[PDB]
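# Report on the structure
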Amino acid sequence: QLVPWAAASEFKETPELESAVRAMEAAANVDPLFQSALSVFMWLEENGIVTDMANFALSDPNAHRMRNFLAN
Amino acid sequence: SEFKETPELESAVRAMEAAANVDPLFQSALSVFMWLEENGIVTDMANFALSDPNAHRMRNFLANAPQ
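For this coordinate set, the PDB header names X-ray crystallography as the determination method and states a resolution of 1.46 Å.

Under the PDB entry, chain B has the name Capsid protein VP3 and belongs to Infectious bursal disease virus. In its PDB record the entry is named "N-terminal domain of Infectious Bursal Disease Virus (IBDV) VP3".

Chain A carries the name Capsid protein VP3 in the PDB entry, which gives Infectious bursal disease virus as its organism.

### Observations regarding the overall build of chain A
For chain A, the count of helices and strands is 5 helices and 0 strands. N-terminal to C-terminal, the α/β element order of chain A is α-α-α-α-α. Across its three principal axes, chain A shows a C-alpha extent of roughly 35 × 25 × 15 Å. Per-residue burial for chain A yields a buried fraction of 50% across its 72 residues. Nonlocal contacts in chain A, meaning residues at least 24 apart in sequence, comprise 32% of its contacts between residues at least 6 apart.

### With respect to the nonpolar core
Counting 55 residues, the largest nonpolar core has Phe34(A), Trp43(A), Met66(A), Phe26(B), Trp35(B), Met45(B) and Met58(B) as its most contacted members. Take this core: its biggest share by element is 9 residues, from helix α3 (residues 32-46) of chain A. Leave out the neighbours within four places in its chain, and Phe26(B) touches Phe11(A), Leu17(A), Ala20(A), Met24(A), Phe41(A), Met16(B), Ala19(B) and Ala20(B).

### Details of the environment of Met45(B)
Within the element layout of this structure, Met45(B) appears in helix α3 (residues 42-51). Residue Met45(B) is classed as buried on the basis of its relative accessible area, which comes to 1%.

### A word on the packing of aromatic side chains
Taken as a whole, this structure holds 14 aromatic pairs over all chains when the rule is applied. Taken together, a centroid distance of 5.6 Å and an interplanar angle of 25° make the contact between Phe11(A) and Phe41(A) stacked. Taken together, the residues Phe11(A) in the loop between α1 (3-8) and α2 (15-30) and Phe41(A) in helix α3 connect sequence positions 30 residues apart. Judged by relative accessible area, which is 3%, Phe41(A) ranks as buried. Between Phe69(A) and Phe48(B), the aromatic rings sit 5.2 Å apart at their centres with planes inclined by 55°, giving tilted as the arrangement. With one member in each of two chains, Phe69(A) in helix α5 (residues 64-71) and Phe48(B) in helix α3 form a pair that bridges those chains. Taking relative accessible area as the criterion, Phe48(B) reaches 8% and is therefore assigned buried. By way of ring pairs, the aromatic residues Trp5(A), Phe11(A), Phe34(A), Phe41(A), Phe3(B), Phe26(B) and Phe33(B) are connected into one cluster.

What counts, and where the lines are drawn
- Residues numbered from 1 in each chain as written, not as in the entry; some residues may be left out.
- Chains lettered and ligands numbered in written order.
- Heavy atoms only, no water.
- Helix = DSSP H or I, 4+ residues; strand = E, 2+ residues; numbered from the N terminus.
- Buried < 20%, exposed > 50% of the residue type's maximum accessible area, 1.4 Å probe, protein only.
- Contact = heavy atoms within 4.5 Å.
- Core = buried A, V, L, I, M, F, W, Y, C linked by side-chain atoms within 4.5 Å.
- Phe/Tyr/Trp six-rings, centres within 6.5 Å; stacked < 30°, edge-to-face > 60°.

Shown next as structure tokens:
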């Protein structure tokens, strides 16, 4: 289901990537919170902000600044 | 809120960790993924993404975050 998305993504095309995306879809099927996180995960990659967000999270380890941004 | 502790979760975490060990970019994505859940902002970020589908507003926030 998500293998074509993985193959076209910026992630390095490895057998581990392909098992990961499959496994994530299966986790999302049985847990809607994991599905919400998967949706964000894909949105970060599609918009090219994976490393930008990872770098931000280092500066905001408790999500304090992000949580206030999202709340407003 | 927290991920439901299903067998699928444990399988997904281990798969993601194995993909992250091979590819630093996937490790960055995994770190963000875990950071969202640890801090309880998964649904908040998912709702924001629905309203900012091209990440334009998120890009501006990240660009203006303190150095």
